[PDB]
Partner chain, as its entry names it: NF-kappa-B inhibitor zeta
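First, one chain by itself: the form deposited without its partner chain, in structure tokens.
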């Protein structure tokens, strides 16, 4: 029950490396009090977070946001890792209901750029 809510997303999964174009269609937001927080319940005590990179010029007409994926904590993993993503207000740290997101391994040694 809140003022924040994630509705759509051209993508629900990306690479553990991070830095990929992801379109999020949301509810009411102000280009300077909103953030795309990714997290994961460590399960033992602590927790993990990572925030989507995006300038306020990216938060289109208050109901959309284009952003980049925050490199997952452990970049080295041979098995997909499932986390969560939620919108959050810097002011009252109000939080949108969470949606699931999948982090998967970086291509077998990406350095196959041809050298």
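So that the term is clear: the rigid core is the largest set of C-alpha atoms that superpose within 1.5 Å between two forms. Shifts are known only where both forms have a C-alpha. Numbering follows the first chain given and starts at 1.
Chemist: Could you check which stretch, 8-16 or 88-96, carries the larger mean CA temperature factor in the entry?
Modeler: Per the deposited B-factors, the answer is 88-96.
Chemist: By the recorded C-alpha temperature factor, relative to the other modelled residues in its chain, which third is residue 35 in?
Modeler: Its C-alpha B-factor, which the entry lists for residue 35, ranks in the middle third among residues of this chain.
Chemist: Test of reading the entry: by CA B factor among the chain's modelled residues, which third contains residue 81?
Modeler: Lowest third - that is where residue 81 ends up once the chain's C-alpha B-factors are sorted.
Chemist: What third of its chain, lowest, middle or highest, does the C-alpha temperature factor of residue 59 fall into?
Modeler: As the PDB entry reports it, the C-alpha B-factor of residue 59 lands in the middle third of its chain.
Chemist: Which third, lowest, middle or highest, does the C-alpha temperature factor of residue 71 belong to within its own chain?
Modeler: As the PDB entry reports it, the C-alpha B-factor of residue 71 lands in the middle third of its chain.
Chemist: Check where residue 65 lands among this chain's C-alpha B-factors and tell me if it's the lowest, middle or highest third.
Modeler: Tercile = lowest for this residue's CA B-factor.
Keep in mind that the form deposited with its partner chain bound is not shown, yet the notes after this line are about it.
Chemist: Which residue stretches between this form and the one not shown come out as moving, taking only runs of at least three where every Cα shifts by 2 Å or more after core superposition?
Modeler: CA shift runs, sequence order: 44-46, 108-110.
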